[PDB]
Amino acid sequence: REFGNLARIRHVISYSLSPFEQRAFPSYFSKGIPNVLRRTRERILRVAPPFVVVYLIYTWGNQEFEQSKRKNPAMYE
Amino acid sequence: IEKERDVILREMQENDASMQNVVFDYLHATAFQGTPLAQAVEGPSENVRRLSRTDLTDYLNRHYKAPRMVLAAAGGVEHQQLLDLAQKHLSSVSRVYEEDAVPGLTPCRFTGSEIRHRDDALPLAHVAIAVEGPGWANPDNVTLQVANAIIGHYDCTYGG
C-alpha cells in the first residue's frame, strides 16, 4: 500500500543530484527542439489524417449548404 | 603480485559482503564525484587486475618521500634513542621526486547528491546522510564533535 512493500526491485542503482546544483533548463532549446520534432514525427500520422478529413468534411458541408441555398436557374418560368 | 591480486579480489568480495563499508564508499563516491575522493581505497576490480609492478614502483617512488613521513613512537620509548635510530635507518629515505614535479593536493568539490542501491532481498537497510565538513584545520571540528556527541550513537545491544 505505502512505500516499502510496493514492488520487488533488486540490483538497481539510482543516481541523482541536487536541484540547487543542477540547471533547471539544461539545453532547453538545442535539445528541446529536436525532441519535440521527433515526438511530432512519431505521432503525426495518427492525428493529422483524421483532422484533415474533418477539415475537408467541414468545407464540403459549408460549400454544398451554400450551393443548396443558391437559386437553381431551372425555374426561369 | 599475482598471489596478492587474488588476495585483494577475495578481500573485496568479503568487503562487499559487509554492508556499511559499501554505504560509506557509496557516500564518498556520490559526495566527491569527479574528484579523487570518490574512489575507494581498494580501487576497482579492473584496475586491480590490470595494474602491474611498474605502476606500483612508480607510486612507491612518487608518494614515499621523506617530508611526507612521520615516525611516531608511544610508550616506553626514549626520544633520543628514537632520534638516533631514525638517523641510523630512516636517513635519506627518498628525498628526491626524480622529476622535480611535486604533486599538489587540489580541493575536492562537494556536490549534494543521492545514490540508491536497491536490492530488496537484503534483510536490513543501511542509509547514510551527510553534508560537507570543515576539514582538519578548522576549529569548528570541536563544536561539530560536541553536536555529534549530543545526537550520538545507538544499537540494539544498549541497555539504556
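First to last, the protein sequences are chains F and W.
Here the first sequence is numbered in full-length UniProt numbering, starting from 3 and rising by one per residue.
Here the second sequence is numbered in full-length UniProt numbering, starting from 161 and rising by one per residue.
Positions of the beta carbon are idealized from the N, C-alpha and C atoms, including for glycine.
In this structure, W/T271 places its C-beta atom within 9 Å of the C-beta atom of W/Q193. The beta-carbon of W/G293 is placed no less than 9 Å from the nearest beta-carbon of chain F.
Per the Cβ contact rule, the stretch 254-261 of chain W is in contact with the stretch 221-228 of chain W (3 or more Cβ pairs under 8 Å). Neighbours of W/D279 in chain F, taken as residues whose beta carbon is under 9 Å from its own, are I11, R12, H13, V14 in chain order. Where F/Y57 is concerned, the enclosing alpha helix (DSSP H) starts and stops at 50-71.
Taking C-alpha positions only, F/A26 is separated from F/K33 by approximately 14 Å. Against chain W, the CB of F/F5 has no partner CB under 9 Å away; the residue lies outside that interface. A contact between stretches requires three or more CB pairs, one per stretch, nearer than 8 Å, and the stretch 173-188 of chain W meets this requirement with the stretch 280-289 of chain W. In this chain, the alpha helix (DSSP H) harbouring W/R165 covers 162-177. Per DSSP, reduced to three states, the secondary structure at F/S18 is strand. Bridge partners of W/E274 according to DSSP: F/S18. Note that the C-beta distance between W/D280 and F/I11 is below 9 Å. For W/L169 against W/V201, the beta-carbon gap comes to about 15 Å, at or over 8 Å, which does not count as contact.
According to the DSSP assignment, W/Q199 belongs to no alpha helix (DSSP H), since it is labelled neither H nor E.
Taking a C-beta cut-off of 8 Å against chain W, none of the residues of the stretch 26-40 of chain F qualify. From the listed residues W/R278, W/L197, W/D166, the smallest Cα separation to W/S205 is found for W/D166. Against chain F, the beta carbon of W/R276 has neighbours under 9 Å at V14, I15, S16, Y17, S18, listed in chain order. Cα atoms of W/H277 and W/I311: separation of roughly 27 Å, rounded to the nearest angstrom. Within the stretch 209-265 of chain W, the complete alpha helix (DSSP H) segments at least 4 residues long are 213-223, 239-249, listed from N- to C-terminus.
Among the residues facing chain F, W/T190 is included, as its CB has a counterpart in that chain under 9 Å away.
If you draw a straight line from the Cα of F/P75 to the Cα of F/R48, it is about 44 Å long.
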